[PDB]
Structure formats: C-alpha cells, structure tokens
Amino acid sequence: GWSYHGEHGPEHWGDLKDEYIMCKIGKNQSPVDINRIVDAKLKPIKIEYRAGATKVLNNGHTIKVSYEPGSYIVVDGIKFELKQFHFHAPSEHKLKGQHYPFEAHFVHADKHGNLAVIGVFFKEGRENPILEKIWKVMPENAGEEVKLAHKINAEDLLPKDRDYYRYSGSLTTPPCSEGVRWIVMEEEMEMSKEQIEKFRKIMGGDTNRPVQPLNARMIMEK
C-alpha cells in the first residue's frame, strides 16, 4: 500500500510498517539534492554490459525492464550484476536545486546482495531511439509485463562521458534500505517531450520521492 501521493505517500512511508523503519529514522537516505560537492580522485566505473533486456513490466510505480544475467559494473573492485532498470518523472535527484524531467536507474547487486544504482538524468530533446523500442510496447496497467522482441543493450542509455557523482545512500522506495552505492552520471541523456508525456500519462502522476537531507554526507565528483 505505499504510494507517491496522499495518505500512504512519502512523508508517511515510515509509519506504514515496521520493515519501513529506515524511511523514518535513516540519516543516509536517497534521493538527494546534489548541492554539497567535492572534487575527488575517483576511478572510472567499469561498465561491462551486453545486450540483455528481456521484459518490460508496469508495476504501478514505474516501468521496469528486466535484464538477463551476465552484465555487470565494477565499483571498489567488486562486481555488481545488472538486474533491472526503471524510470522516474520528474527526476528523483536534483542538481543544485533543480529537477530534470526524467531519470533512469540501473539497479545492480553483488553476490552478497549489496546494491549499486547508476542514475542517469534525461532532459527534453530529441526522441530517444532505445526508449522508443520500450515505449512502443509499454504496458498500460499495473501488473502487466511484456516480452521484448529484441534484446536491448542498456549501455546505449548511458552517456559516453562517464564522469559521475558518488555518495552513500538508500533505495528510494520502501523499505528504503541503506548501504546503497549511488553513482549519478554528470552528463544528461535526451528524450522527446512526447516520450516524457507518455510515461507520465501511464504512471498517472509524479513518480519521485522527495529529496532527503544530506546530513553528514558529501557528494564526491570524479
């Protein structure tokens, strides 16, 4: 029963169940307004994707694309396998107080279940050809899933310039578990106004959790 709106909305998540306690007491929650940044000597993130997107699901909260095993990123010398990617509108993260109209999340898990999420901002621009393939088949109602005709390579949704912001955060939907590595790409991608409109219409409203305080954290920039 958690939602983006009303009485079961984000400000009340932590009161819905005991398992959602982090949504209430957590001090390292996501998303954030990226507005306390320091230059840091970070390593490039190794992105080892192959074409693997198989299905597209509407879960009522987002449009989620499942990925078959074998694609991974490397962070802190550890392999995190790509499980799925999904979308939010407007952007969950903000950048110096401003939203983008759309944000993609690429969700990865190491062998022990530790999570790393790559966030990619999308601005209004030219029609995105990869998103067109998914949008063409996007399920309208919650609980519906469709198989993709051809396997999409998620790497095509990532910018070529791979500078990034990094911080220690959380999942952005309940249970809002902490210990999550956030990698937010500096360079924005593009999609059409129409593509953005379609996603919003299907979702039926905004799909972003409000930004959460940074508290003791800094954001590191590569």
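In this text, residue numbers run from 1 along the sequence as written.
Between 208-216 and 15-23, the higher mean Cα B-factor belongs to 15-23. Annotation for 56-64 versus 156-164: the higher mean temperature factor (C-alpha) is found in 156-164. Per the PDB entry, 150 shows the highest C-alpha temperature factor of the residues 93, 88, 150, 108. The entry lists a Cα temperature factor for residue 97 that places it in the middle third of the chain's modelled residues. In this PDB entry, the Cα temperature factor of residue 175 sits in the top third of its chain's modelled residues, the highest group. The PDB entry assigns residue 103 a C-alpha temperature factor belonging to the lowest third of its chain's modelled residues. Among the modelled residues of the chain, residue 75 sits in the lowest third by CA temperature factor in this PDB entry.
When all modelled residues of the chain are sorted by CA temperature factor, residue 51 is found within the highest third.
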